[PDB]
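S.K.: need a 3D model of the following:
(one chain, ligands or ions: 3)
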Amino acid sequence: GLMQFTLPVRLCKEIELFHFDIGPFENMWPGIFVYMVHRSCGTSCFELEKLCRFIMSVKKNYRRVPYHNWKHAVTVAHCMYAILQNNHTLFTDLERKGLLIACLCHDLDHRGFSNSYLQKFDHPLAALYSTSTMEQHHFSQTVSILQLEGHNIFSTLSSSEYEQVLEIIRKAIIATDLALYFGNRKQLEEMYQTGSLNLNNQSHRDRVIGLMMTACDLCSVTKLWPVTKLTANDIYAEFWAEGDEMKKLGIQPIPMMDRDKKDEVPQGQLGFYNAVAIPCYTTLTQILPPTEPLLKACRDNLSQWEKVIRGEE
Ligand SMILES: OCc1ccn2nc(-c3ccccc3)nc2c1
Ligand SMILES: [Mg+2]
Ligand SMILES: [Zn+2]
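M.R.: Residues are numbered from 1 along each chain as shown. Ligands and ions are numbered 1, 2, ... in the order given. Dropping the coordinates below:
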């Protein structure tokens, strides 16, 4: 009850910042997450015995893939913590609980392959879930872990609060499907500009939480350049492996996934920042002004990719 997690001074201070990197010490990541739950939600939100057992089972069900791994889970949860802490009064007790767990669980059992590769392979998960294939799997895996004996961190919620929190987590995890992001942001753009955006409208909150999830999910483009640049290697190691596996099905992959076309990556990163990342953090900044540091860091990293192309690095 009276047992806080306390981080070393440099982490205690930097963890409050959007651009915080959780570091290379894996054994510190569970404590970093509990710390964030305690400050974001409260020390009463979860039974520490159950939370700790939930965290370690979530960890175990992330695979040793280059990018979509346990470190990504905790990184995405930290970005959400930073958004919730800079927007104190906009989010309910249930939403603060649901969203940190949602981010931690959002890529459970990822194999490092896209929804497209599952469909072209004809993977069983592509027959069980026709759209947002991996994301429905990620939510499925979250529910499984919640139902392990001693793992139900939500046991103290009423029946109706329990249903609301699982519904928040489900929508949050589905929203991490980048194919759904484009239409969600376009709708949020219209609503903000015509002035119809209303945070008491549940369908509107849903969309705003969706954008937050995309923002947290892409947060590696909002770090200091060296973090962003070295994380890019990890994401491309998965892309190129998927490209290799496309060639083994006798399908030439898109150039982004073809390790024979590494030269095209700087230009492909520009397209990604311009088409996806910058618009995402722009709309998020309009809806939640205190999240402007994410947009600023993202523009700084666009400029750094522009310098790569111009041969300045
Ligand atoms: O630097 C870290 C980083 C983080 C996330 N993503 N996601 C992409 C991406 C996703 C789809 C298409 C193209 C690029 N690139 C990056 C780079
Ligand atoms: Mg995902
Ligand atoms: Zn993710």
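S.K.: for residue 45, helix, strand, or coil?
M.R.: coil (DSSP: H, G, I helix; E, B strand; the rest coil).
S.K.: that one contacts residue 36, doesn't it?
M.R.: No: with contact defined as Cβ atoms under 8 Å, residue 45 and residue 36 do not form a contacting pair (11.1 Å). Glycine gets a C-beta too; all of them are placed from N, C-alpha and C.
S.K.: more neighbours, those two?
M.R.: Per other Cβ atoms under 10 Å, whichever of residue 45 and residue 36 has more neighbours is residue 36, with 23 against 19.
S.K.: name the element the more buried one belongs to?
M.R.: Here residue 36 sits within helix 29-40, counting by DSSP states H and E.
S.K.: do residue 203 as well
M.R.: Judged by DSSP H and E, residue 203 forms part of helix 202-217.
S.K.: that helix vs ligand 3: in contact?
M.R.: Yes: Helix 202-217 lies within reach of ligand 3 by Cβ under 5 Å from the ion, at residue 217.
S.K.: buried set for that helix?
M.R.: 204-205, 207-217 (16 or more other Cβ atoms under 10 Å).
S.K.: which other helices and strands contact that helix?
M.R.: helix 70-85, helix 93-105, helix 159-175, helix 178-193, helix 278-287 (3 or more Cβ pairs under 8 Å, 6 or more residues apart in numbering; DSSP states H and E).
S.K.: can you list contacts of the fourth one?
M.R.: Judged by Cβ atoms under 8 Å, 6 or more residues apart in numbering, the contacts made with helix 178-193 from elsewhere in the structure are 115, 131-132, 174-175, 196-197, 204, 207-208, 210-211, 214, 217, 276, 279-280, 283, 286-287.
S.K.: ok, back up a step: helix or strand next in line after the helix holding residue 36, which one?
M.R.: Counting by DSSP H and E, what follows helix 29-40 is helix 48-60.
S.K.: what's the angle from that following helix to helix 29-40?
M.R.: Helix 48-60 and helix 29-40 meet at an angle of 130 degrees, taking axes from the mean of the first three to the mean of the last three Cα atoms, to 10 degrees as the criterion.
S.K.: against which helices or strands is helix 48-60 packed?
M.R.: Against helix 48-60 (3+ Cβ pairs under 8 Å, 6+ apart) you get helix 29-40, helix 93-105, helix 133-147.
S.K.: for the first one, list the C-alpha coordinates in CSV.
M.R.: Extracted C-alpha coordinates of helix 29-40, given in CSV (Å, rounded to 0.1, in the frame of the first residue of the first chain):
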residue,chain,number,x,y,z
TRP,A,29,11.2,-1.6,-17.8
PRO,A,30,8.6,-3.3,-15.5
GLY,A,31,9.4,-0.8,-12.6
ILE,A,32,9.3,2.1,-15.2
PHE,A,33,5.7,1.0,-16.2
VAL,A,34,4.5,0.5,-12.5
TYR,A,35,6.0,4.0,-11.7
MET,A,36,3.9,5.5,-14.6
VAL,A,37,0.7,3.7,-13.5
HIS,A,38,1.2,4.9,-9.9
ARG,A,39,1.7,8.6,-10.9
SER,A,40,-0.9,8.5,-13.8
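S.K.: quick check: angle from it to helix 70-85?
M.R.: Using the same axes, to 10 degrees: helix 29-40 against helix 70-85 is 10 degrees.
S.K.: quick one, helix 29-40 and helix 93-105 angle?
M.R.: Using the same axes, to 10 degrees: helix 29-40 against helix 93-105 is 160 degrees.
S.K.: how far away from the center of its chain is helix 29-40?
M.R.: Helix 29-40 sits 16 Å away from the centroid of its parent chain (Cα atoms, centre = their mean, to the nearest Å).
S.K.: who touches it?
M.R.: 4-7, 11, 15, 22, 45-46, 48, 51-52, 55-56, 59, 70-71, 74, 77-78, 81, 84-85, 96, 100, 104.
S.K.: any residue of the host helix or strand of residue 267 touching ligand 1?
M.R.: In this assignment (DSSP H and E), residue 267 forms part of helix 265-272. Yes: using Cβ under 6 Å from any ligand atom, helix 265-272 reaches ligand 1 at residue 272.
S.K.: skipping adjacent residues, who's closest to the closest residue to ligand 3 within the stretch 51-200 of the chain in space?
M.R.: Nearest residue of the stretch 51-200 of the chain to ligand 3: residue 107, at 4.3 Å (Cβ to the ion). Counting by Cβ to Cβ, 6 or more residues apart in numbering, residue 107 lies nearest to residue 68, which is 5.0 Å off, once chain neighbours are set aside.
S.K.: sounds good, over and out.
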